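Below, in C-alpha cells: the form deposited in one PDB entry, a single chain.
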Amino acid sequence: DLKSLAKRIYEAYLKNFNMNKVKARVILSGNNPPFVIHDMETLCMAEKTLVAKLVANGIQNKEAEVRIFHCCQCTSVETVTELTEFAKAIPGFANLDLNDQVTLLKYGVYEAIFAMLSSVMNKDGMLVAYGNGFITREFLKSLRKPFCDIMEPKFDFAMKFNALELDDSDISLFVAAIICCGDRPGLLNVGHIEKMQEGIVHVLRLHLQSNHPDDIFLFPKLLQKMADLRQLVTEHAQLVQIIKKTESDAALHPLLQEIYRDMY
C-alpha cells in the first residue's frame, strides 16, 4: 500500500505536467522540432511563430531581456497552475486546512519549479514554449545585467541534479516531498503536515532503495538538494525584486506577485 502511495503520486505527476522527463529528453536529443533561439535574429523568428499576437502588439520594439523575462513569467504561471493541481492530488493534501494548502504551495512552488526545470535543461540550453523552443545557455548568459543572472544558477543546479539520473517516478516523489514541508512560515497545523511529510519521505526512501540500488547515499543527497533549492529560491526572489523595482517594462504578473509577497 506504500506502493499505492507511490504509484498515485507518480500518476498524478504524469497527468498534471504537460512536460515530463521522458518527453523532454526525446526533444533534447534531436515533426514540429524546437526552434533554436541563440541570437536576436532567431529570437525574433521564434516569436513571430509562437506568440504572433504579441509581435502584432509590437513587443519586438522592447529589449530582448524584457521579452525573455515575460516569457519566463508566463511559464511560471502555467507551472504553478499545474503544481497546484498535482498537490491537490497528493494523498492527505486536500484534507489539510485550506489556509495551509496556500501556505505550502506559496513556499513550495518555486522549489518544485527549479527541480523540474532540470528535466528540460541540458548543458547548452532549455526547452521553452511547450517543447517548440530551445533557448541556449550562452544567449541567456549574453543578456545585459541583471537579466543574465536569472537562468545560469538554475543551469548550475540542474547539471548536478541531472547527474543523479533520476526518472519521473523519483522526481514526482521528490516534488511531493518539497510541497509537503512541515517547517514553512505561517503553518496552522504543523503536526498533520509533518505526519504527511514523514509518510512521503518514507515512500521516497523506499522507492530510491528499489529504483537506485547502486547509489548508496542517494536519499541524503536528495535531502541536500532540497536545502539547495530553498537557498536557490531565496536568491531568485531577491533578483526578481531587484528587477521589479528597477526595470521598467518588467512588471510582475499578479499570480506571481502574490507568491513573492511576504515570502522571504
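What we label the rigid core is the largest C-alpha set whose atoms superpose within 1.5 Å from one form to the other. Just count from 1 along the sequence shown to find any residue number. Only residues modelled in both forms are compared.
Compared with other deposited structures of the same protein, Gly58 meets the criterion of being unmodelled in at least one third of those that resolve residues on both sides. Where the other entries of this protein model the residues before and after it, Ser29 is kept in all of them rather than dropped from a third.
Going from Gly30 to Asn31, the model skips 1 to 3 deposited residues, which lack coordinates. With 244-252 and 20-28 compared on mean CA B-factor from the PDB entry, the stretch scoring higher is 244-252. Averaged over CA atoms, B-factors in the entry run higher in 188-196 than in the other of 148-156 and 188-196. The PDB entry assigns the greatest CA B-factor among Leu206, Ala56, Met45, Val36 to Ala56.
Out of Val120, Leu98, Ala176, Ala163, the entry records its largest CA B-factor for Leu98. Among the modelled residues of the chain, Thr49 sits in the middle third by CA temperature factor in this PDB entry. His70: CA B factor lies in the middle third for its chain, per the PDB record. Per the PDB record, residue ranking by Cα B-factor puts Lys62 in the highest third of the chain.
The PDB entry assigns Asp183 a C-alpha temperature factor belonging to the highest third of its chain's modelled residues. Among the modelled residues of the chain, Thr103 sits in the highest third by CA temperature factor in this PDB entry.
The same protein also has a form deposited in another entry, omitted here; what follows describes it.
Looking at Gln231, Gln224, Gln209, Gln60 after a core superposition between the shown form and the other one, you find that only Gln60 has a C-alpha shift of 2 Å or more. After superposition on the rigid core, the Cα of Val36 moves by less than 2 Å between the shown form and the other one. When two forms of a protein are overlaid on their rigid core, residues whose CA moves 2 Å or more are considered shifted, and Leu50 is one of them between the shown form and the other one. Whereas the shown form places them at one spacing, the Cα atoms of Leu117 and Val51 lie at least 3 Å farther apart in that other deposited form. Put simply, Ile150 and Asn57 come closer in that other deposited form: their C-alpha atoms are 3 Å or more nearer than in the form shown. Comparing the conformations between the shown form and the other one, with the rigid core held fixed, yields the displaced runs 31-33, 50-53, 55-61, each spanning 3+ consecutive residues whose C-alpha shift is 2 Å or more.
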